[PDB]
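Input: a single structure, listed below in structure tokens.
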Amino acid sequence: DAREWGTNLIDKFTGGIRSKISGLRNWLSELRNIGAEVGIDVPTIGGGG
Amino acid sequence: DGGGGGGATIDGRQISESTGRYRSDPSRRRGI
Numbered sequence: 245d246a247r248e249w250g251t252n253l254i255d256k257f258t259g260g261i262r263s264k265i266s267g268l269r270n271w272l273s274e275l276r277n278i279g280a281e282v283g284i285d286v287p288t289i290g291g292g293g
Numbered sequence: 294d295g296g297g298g299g300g317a318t319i320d321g322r323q324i325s326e327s328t329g330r331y332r333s334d335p336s337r338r339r340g341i
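In the order they appear, the protein sequences are chains QE and QJ.
Just so you know, the deposited numbering puts the end of the first sequence at 293, numbered straight through with nothing missing.
As numbered in the deposited numbering, residues 294 to 300, 317 to 341 make up the second sequence, in order.
Right, here's the structure in full:
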């Protein structure tokens, strides 16, 4: 049972470990926006000037 | 803040010369 259920259940459980390792890509998306999307706000200065 | 930064001299000779034809008119209308 520990090799029938247990393996697959531990794969399920390590979905918890994967939560960080996939949230990481969201976080590095936002850490790109902090360069790339600020650059969409900035030319609104030109929109005024 | 980029948006915020987006907020007669008259010649007495030429009058008196031009009006002469009109100033004399009532007297001509009355003969002399």
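Just so it is clear, CB atoms sit at the ideal spot from N, CA and C, and this is done for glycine as well.
Simplified DSSP assignment, three categories, for residue i
| i | result |
| --- | --- |
| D294(QJ) | coil |
| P335(QJ) | helix |
| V286(QE) | coil |
Pair within 7 Å by beta-carbon distance, residue i and residue j
| i | j | result |
| --- | --- | --- |
| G295(QJ) | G279(QE) | no |
Closer than 7 Å to chain QE by CB, residue i
| i | result |
| --- | --- |
| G300(QJ) | no |
| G321(QJ) | no |
CB contact below 7 Å: residue i versus chain QJ
| i | result |
| --- | --- |
| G283(QE) | no |
| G259(QE) | no |
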